[PDB]
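What follows is one structure encoded as structure tokens, with my remarks underneath.
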Amino acid sequence: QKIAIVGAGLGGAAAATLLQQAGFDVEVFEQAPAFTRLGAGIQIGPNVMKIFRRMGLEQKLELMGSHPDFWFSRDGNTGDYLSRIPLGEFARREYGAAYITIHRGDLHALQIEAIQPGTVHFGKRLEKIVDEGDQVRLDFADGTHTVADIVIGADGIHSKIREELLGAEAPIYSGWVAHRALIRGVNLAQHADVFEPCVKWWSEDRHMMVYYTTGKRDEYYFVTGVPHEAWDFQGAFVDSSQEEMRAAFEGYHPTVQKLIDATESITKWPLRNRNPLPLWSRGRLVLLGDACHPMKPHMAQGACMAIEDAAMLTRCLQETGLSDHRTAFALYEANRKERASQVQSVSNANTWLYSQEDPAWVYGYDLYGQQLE
Ligand SMILES: Cc1cc2nc3c(=O)[nH]c(=O)nc-3n(C[C@H](O)[C@H](O)[C@H](O)COP(=O)(O)OP(=O)(O)OC[C@H]3O[C@@H](n4cnc5c(N)ncnc54)[C@H](O)[C@@H]3O)c2cc1C
Numbered sequence: 005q006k007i008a009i010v011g012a013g014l015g016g017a018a019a020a021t022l023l024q025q026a027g028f029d030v031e032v033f034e035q036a037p038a039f040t041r042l043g044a045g046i047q048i049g050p051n052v053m054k055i056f057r058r059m060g061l062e063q064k065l066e067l068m069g070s071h072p073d074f075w076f077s078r079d080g081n082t083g084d085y086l087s088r089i090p091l092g093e094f095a096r097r098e099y100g101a102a103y104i105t106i107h108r109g110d111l112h113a114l115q116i117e118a119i120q121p122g123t124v125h126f127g128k129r130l131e132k133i134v135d136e137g138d139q140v141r142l143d144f145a146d147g148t149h150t151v152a153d154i155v156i157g158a159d160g161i162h163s164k165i166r167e168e169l170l171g172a173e174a175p176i177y178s179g180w181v182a183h184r185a186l187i188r189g190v191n192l193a194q195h196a197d198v199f200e201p202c203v204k205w206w207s208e209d210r211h212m213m214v215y216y217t218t219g220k221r222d223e224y225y226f227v228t229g230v231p232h233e234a235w236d237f238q239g240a241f242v243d244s245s246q247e248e249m250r251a252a253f254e255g256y257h258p259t260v261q262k263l264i265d266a267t268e269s270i271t272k273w274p275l276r277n278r279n280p281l282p283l284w285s286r287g288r289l290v291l292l293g294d295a296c297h298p299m300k301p302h303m304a305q306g307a308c309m310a311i312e313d314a315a316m317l318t319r320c321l322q323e324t325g326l327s328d329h330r331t332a333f334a335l336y337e338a339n340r341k342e343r344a345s346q347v348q349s350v351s352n353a354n355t356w357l358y359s360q361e362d363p364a365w366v367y368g369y370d371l372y373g374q375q376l377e
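See the structure below:
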């Protein structure tokens, strides 16, 4: 009884670690020819820190990442504080875990290192997947192939598993864009007094989220959401420039302007205008994360949902075993579709932490306390 996970992202590697720790025989196949530390920040709330606790990674992750005392929502133009969401020691006491902001590449690397060695394969690009009935044949672009009893679809937004299941999918134009940059140097130390640990700068049609990536506060990361022309480039990221960011964020608070001046290299990433409806499973194939329920990143919860899917899916396979995968896949959708729908409608309103609201329904969620029924 073997599980084949397609895709070694944050979601797939989390499923690999959790399912292997539960006793299952899991192998992962990643299309990237090598592993890359992404070189960006990521936010990890207490609800997912509890999943990292089950992997034995929470204590370690608390050592690298930055622990912001507050989430500040600030008006981009005036700098007025729209919300001051208490985290820090309050988050630990009220939600049972810490709210951390951390280097995504170092988290991604530590996650894959938690998988049993010799079971993660790079350069394995899935081209064809055939549900033979009793088993599934996976065909890779390098000519090699494998077989497993179930396949986990963790191939992200451009999931080949969703494609072979539902078809080519209609084209989605990219009308928005996301600038990203890591800031180190004396440019950070010169303005460190005005650089807050975790703050989102809002305006009328754009935003900039900024936070530190380590506990040492020696690295500062921002990620934006700006209207943009239709993305028709050969790559998933193009090099931006200070002139582009200055024009995009004209009128913003001097702190935001200082941030743009402090950069050395800025990359630009396209964002989809729309996403398809969730597809949880069909036959022996089961999906998680962006492959299952692609969403707008307005809530900074996508990867957290991918790991939550991995945790809930493991709880369901532990209850039924691979011999009864259909019941496991049904129990996994039934125990996740309401939470995923709630996150979907909040990113739809694009209002997450704009004003002073109670984030307990996200951070205080107990994935392991839920009854599967
Ligand atoms: C601007 C922005 C900011 C975000 N901020 C946050 C945040 O603060 N917090 C948060 O929790 N989430 C955040 N997210 C969401 C997060 O980036 C994604 O939701 C998350 O990466 C989804 O994980 P995944 O494993 O499902 O897919 P991915 O992370 O995309 O991983 C998929 C993997 O599968 C591989 N793959 C793809 N196709 C194949 C194939 N055919 N064969 C083999 N391998 C394949 C890919 O190479 C990749 O390694 C943000 C997203 C954006 C766009």
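Quick note: the sequence shown uses the entry's author numbering, first residue 5, plus one each step.
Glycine residues also receive a C-beta, built at the ideal position from the N, C-alpha and C atoms.
Excluding the 5 residues preceding and the 5 following residue i in the sequence, name in chain order all residues of the same chain whose CB lies nearer than 7 Å to its CB.
i	result
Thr331	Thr324
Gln115	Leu14, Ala17, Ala18, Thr21
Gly49	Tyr103, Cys308, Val366, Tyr367
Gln322	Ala26
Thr105	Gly45, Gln47, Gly69, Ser70, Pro72, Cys202, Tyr215, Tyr216, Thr217
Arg108	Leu42, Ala44, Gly45, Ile46
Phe56	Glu62, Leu65
Note down, in chain order, each residue of its chain lying with its Cβ closer than 6 Å to the Cβ of residue i, except the 5 sequence neighbours on either side.
i	result
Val134	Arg141
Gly179	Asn277
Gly92	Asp73
Closer than 6 Å: is that where the CB of residue i sits relative to any heavy atom of ligand 1?
i	result
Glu31	no
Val227	yes
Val203	no
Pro175	no
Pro121	no
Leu317	no
residue 415	Residue 415 is absent from the model: the chain starts at 5 and stops at 377.
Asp84	no
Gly160	yes
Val242	no
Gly13	yes
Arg78	no
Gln348	no
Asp110	no
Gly43	no
Just confirm the distance between the C-beta atoms of residue i and residue j, as a whole number of angstroms; I'd bet it's less than 8 Å.
i	j	result
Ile270	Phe253	With 8 Å as the limit, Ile270 and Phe253 do not qualify as a contact, their Cβ atoms being about 12 Å apart.
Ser77	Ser87	4 Å
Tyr372	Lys54	7 Å
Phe28	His125	Contact flag wrong, Cβ pair sits at about 17 Å.
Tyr256	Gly45	Not really, about 19 Å apart at Cβ, beyond 8 Å.
Report all residues from its chain with a CB closer than 8 Å to the CB of residue i; omit the five preceding and five following residues, and keep chain order.
i	result
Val242	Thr271, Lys272
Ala240	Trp273, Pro274
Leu357	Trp75, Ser77, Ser87, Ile89, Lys204, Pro363
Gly219	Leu67, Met68, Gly69, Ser70, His71
Please say whether residue j and residue i have beta carbons closer to each other than 7 Å?
i	j	result
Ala26	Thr318	yes
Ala304	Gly293	no
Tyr369	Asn51	yes
- Query: Quick one: any contact between the region 340–351 and the region 285–299, if contact means 3 or more CB pairs under 8 Å?
  - Reply: These segments touch.
- Any chance the region 184–191 sits against the region 230–239, with 3 or more Cβ pairs inside 8 Å? Taking a cut-off of 8 Å for Cβ pairs, the region 184–191 and the region 230–239 do not touch, as fewer than three such pairs fall below it.
- Message: Tell me whether the region 216–230 and the region 186–200 touch, counting them as touching only if at least three CB pairs, one residue from each stretch, are closer than 8 Å.
- Response: They touch, by the three-pair rule.
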